Amino acid sequence: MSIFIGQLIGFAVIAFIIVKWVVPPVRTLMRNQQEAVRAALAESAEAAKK
Amino acid sequence: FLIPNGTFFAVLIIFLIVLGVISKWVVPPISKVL
Amino acid sequence: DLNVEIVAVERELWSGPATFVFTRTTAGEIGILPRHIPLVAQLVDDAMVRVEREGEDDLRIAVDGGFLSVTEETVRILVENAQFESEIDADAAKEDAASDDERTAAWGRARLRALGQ
Amino acid sequence: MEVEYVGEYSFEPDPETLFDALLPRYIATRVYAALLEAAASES
Amino acid sequence: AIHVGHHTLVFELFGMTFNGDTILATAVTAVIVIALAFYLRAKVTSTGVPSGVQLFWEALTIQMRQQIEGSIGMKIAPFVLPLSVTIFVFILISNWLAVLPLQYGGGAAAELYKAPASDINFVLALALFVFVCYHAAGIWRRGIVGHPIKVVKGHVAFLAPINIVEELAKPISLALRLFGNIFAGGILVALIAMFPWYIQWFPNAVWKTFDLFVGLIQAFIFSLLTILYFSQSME
Amino acid sequence: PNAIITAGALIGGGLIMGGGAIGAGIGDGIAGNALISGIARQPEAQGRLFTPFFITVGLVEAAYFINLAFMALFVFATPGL
Amino acid sequence: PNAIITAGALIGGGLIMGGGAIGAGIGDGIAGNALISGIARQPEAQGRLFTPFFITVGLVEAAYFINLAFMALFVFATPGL
Amino acid sequence: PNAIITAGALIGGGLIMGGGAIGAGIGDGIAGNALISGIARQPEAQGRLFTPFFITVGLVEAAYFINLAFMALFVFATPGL
Amino acid sequence: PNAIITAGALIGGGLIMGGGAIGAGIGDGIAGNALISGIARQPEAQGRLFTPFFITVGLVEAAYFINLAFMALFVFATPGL
Amino acid sequence: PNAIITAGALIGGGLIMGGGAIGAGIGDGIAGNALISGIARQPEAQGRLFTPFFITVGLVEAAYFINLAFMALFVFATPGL
Amino acid sequence: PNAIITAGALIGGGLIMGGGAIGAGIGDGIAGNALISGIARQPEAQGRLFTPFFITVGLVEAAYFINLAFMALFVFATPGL
Amino acid sequence: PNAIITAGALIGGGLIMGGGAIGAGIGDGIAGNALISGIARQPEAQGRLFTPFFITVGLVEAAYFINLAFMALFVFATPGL
Amino acid sequence: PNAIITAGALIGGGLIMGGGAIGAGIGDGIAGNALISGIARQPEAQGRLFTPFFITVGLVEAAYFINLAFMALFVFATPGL
Amino acid sequence: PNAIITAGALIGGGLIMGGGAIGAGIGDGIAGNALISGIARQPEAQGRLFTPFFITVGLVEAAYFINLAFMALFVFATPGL
């Protein structure tokens, strides 16, 4: 059990680290990527309107 | 530890299966969305 | 921030503010941000310059045998003949890129490398 | 050209090659300035 | 004390011995990869905003295509794209799955899921499949007669003995680089298991992050060296 | 017998960490030389130079910690003992 | 007799890893120095330099990890035991 | 038995501090080379160069001091007695 | 008798592999430094620099392989055993 | 027993100071190479460069002298023994 | 007596090959660094550069191969056996 | 017992001098590389370049000579004898 | 007696010859780097860089060959017995 | 007793010579790198650069030759016999 508890606490620490410092950037980079996809997807549509 | 055994095949087949699923339903689709 | 002064031997072409400037000097590709150490570098024969500034789209310049001087405040590009992307005749660039004359071919290649070609 | 020592930076790849490439350019610029000066004087 | 090997679920069939734990870990990572692939298929769209898995797949495919086109265009090697990508995820998911809190005390430390790359069989399977595949590609492009000739010749003819050996080195290293990186880790996290929990928790966090970093780096290096081998064997 | 094996394991772990320390220190110094030179040439590049730096460090430090592992294997879990 | 061979194998594997770690650390530091310098000189190099860089690392790590493999043979499967 | 173990532990610790000193000295010299060069080209860059410096030195010295701690292990708390 | 010879062979093979790894890792890192710098200066150089590079790498790793071969002649086979 | 422990301590201290000497000499040489290159570049900068140069030399010599103190501990106050 | 001499010869040959491989790998990497840098800076000098390169490598490899010659003599002839 | 202690002291002093010689030679070469480069770049600055040079040398050589001093202590005093 | 002396002589000769190999290989590589770079920058200097080069190599080889001689004096002849 | 001291002295002298040779070769290569680079840059600088060069070599080789004398002391007229 002691080994399990120790490795679980380590996993929790690394999970917190990634969620507080690695998740935010990946999240927002993806956010911007998708937002730009959106913008361009649209463009096409509107230029077809023009 | 460094001597291979039957697992060499057992892994390989599985990898090939993955190499199939990706090569058919992932790779071309993503290329096409591209 | 940086203020990019693209000045030709005949006239000054551009003097607006910029955040980043990229160009192919004879020692390789170089990118300059604010407060870059003073530097003097000869641009390659077909060198193109790309300027990134607040808000406006990236500005691509075809430069003929220019020189780049990073200074404490200004990155000055001294050019013999400089052309913005908006002033490029793409077909003329394509035709000139195959010219026998080395200098004319280099200038055509610079115009293309600006044209996005 | 005569070097004038008036009294009291990086270079790529070296200052000697830049000097060699620039002296012809400087002479071209000075000839251009002379021609422009001559045109203004002619007018 | 630490043990090397000692695979669990080991069985025998068709006259061959199989490491049950390694096969199970490989199957788990394979089914996770297949689940990702099928979720993309179920939720892939070009006319709408992409899904998270769609963004991941697009990014990985774009990267692999960028490496391929910069060395050997897909007009010559279009098949190495579906390969280089899978080799990545198959390895990546294989390594990052070892970051889950699946380690416990037997009193010897044990793990429910141990990284497949820590087994020589997994790395050898991947590396020898890559070896055979790009050698077949080289044979196809240069011919069965010309491919060995250009392999021995290499870039410098008189360095022929240093060429052939390197060609035999490519697979081994390609495997041993992956195995040694992960097998070693399997020992470190076991050694950390000798600490008491209140001292054990911090070293596992530090190493686990390295394991994430190094597993990502090793997947990338393995796939990129595969692409480079294809670029070399396909002229 | 265990005394000889323990002495050999201690010497082996000492060699392991000597090599790991040499590699880690010299690699970190070499990477820091590039980092310092780039930040001197390009003061605004610091933020962008940490990613190439911490990746490089992340490699060499890994090679260090792997050694730190196999020392602990030699010293605390001496194989063949 | 086995104790002497075990101590010798431990010392040999320690030498293997000392050399492997020295090589890995120093070569990775040098490659990262090149990467950091190139990215400082031309920022967009970020994109194109990770291909040659991770090749160099791939070459630097190989000699390391192969040694590590031959360490496991020395330590856990001593050839001459 | 204890004498051989202690001699082996002392040799191991000497190897560890020796490698650690090699790594620390060479890495610190390499980093200070960049520091001195950058401050020579840019006299005012000192302020911005001591942060990347002490970072890299912070890594290199770390590799040193870790070894130091473990060497104390080897010599004072020598495992395997 | 054969125990001493086997231990000496293991130590010798460890020395061989440690030296080979140092040489290979450091030489490959040095060559990759030039490769990365050249690609950073000229992205098109990506194409032409792998021929000089992979010649170097191969010559650098020759010494690693020959050494490796003789290590296989030391631990598996053993002169004088 | 002591004679074995004393010989081990002497070998350990020899490694201690050998590594200290290698690190100190090479790091100081690199720092001085930077200082001399900076002063040739800008001969009026001799006064400015002594501060970074002396900081680097202080770090390198701190490593060297801590190692020389640990050799003294090994030889004159051999741990254990 | 022959066992001790054979173990010493094996260790000596291992040292010889380790040093030879260190020198060969590092020197070949250094020479190939110049080759790659020159070919990147002046593409047309490739053939012009392989002459001074293979000369220098030829020197470096010579140092290696002499050492290999001796290693065989150490392990197969073993003077003083 | 002194035989063992004397042999260990001889090995330790040999290590001390080997490390001191490596450090001295490499550091002196590195410093002289800067001296030659500066005197080539600035022929008239020799006087201003030799002072930093002999300082740098005065450091590395010190590390050498200090080691040499302790070698004598190992070789002639043999503190643990 | 002759067995121990011969084993020690073999180990010492291996150290001599391996160190000479490291020095020769690395020095030759470093000198060849300058040779190749100068020839890259100056086609004509090909003729004139062979004089500074072979002098440097002459030094680098000299230290090597001297070691070789002493290595023979260690192994073929035995100063002790 | 004499055999053990003789073997230790041979090993120590071999370490001395290996270190001296590494230092000499690498330092001479580093100094000749600057010499060749300067003479390539400026061909007329030859006569000017032989004074900074032979000084550096004079230092470098000095460290080498000292190691010879002490080696002889270790090898011929071994202290502590």
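All chains are identified by letter, namely A, B, C, D, E, F, G, H, I, J, K, L, M and N, in their written order; residue positions are counted from 1 within each chain.
Convention: contacts are C-beta pairs under 8 Å (C-beta built on N, C-alpha and C of every residue); 3 or more make two chains touch, one makes a residue touch a chain.
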C-F or B-E, whichever has more C-beta pairs in contact: B-E
Per-chain Cα centre nearest the global Cα centre, belonging to chain: G
Interchain centroid distance [CA atoms averaged], subunit E/subunit H, Å: 34
Between subunit K and subunit A, distance of the C-alpha-averaged centres to the nearest whole Å: 50
Whole-Å gap between the CA centroids of subunit E and subunit J: 43
Shared interface positions of subunit D, touching two or more other chains: 10, 13
Multi-partner residues of subunit E (each touching 2 or more other chains): 4, 50, 70, 184, 217
Contacts with two or more other chains, residues of subunit H listed in rising order: 2, 4, 7-9, 11-15, 18-20, 22-24, 26-31, 33-35, 37, 39, 41-42, 57, 64, 78
Subunit I residues touching subunit K - in the complex, by the definition given at the top: 1-2, 4-5, 7-9, 11-20, 22-31, 33-35, 37-39, 41-42, 45, 48-49, 52-53, 55-57, 59-64, 66-67, 70, 74, 78-81
Residues of subunit E touching subunit G in the complex: 4, 67, 70, 172-173, 176-177, 179-181, 183-184, 217, 220-221, 224-225, 228
Residues on subunit G engaged by subunit C in the complex (per definition of touch): 41-45
Touching residues (chain side subunit I, partner subunit E) in the complex: 46, 51, 54-55, 58-59, 61-62, 65
Contact footprint of subunit I on subunit E as seen in their complex: 70, 154-156, 159, 162-163, 165-166, 169, 232
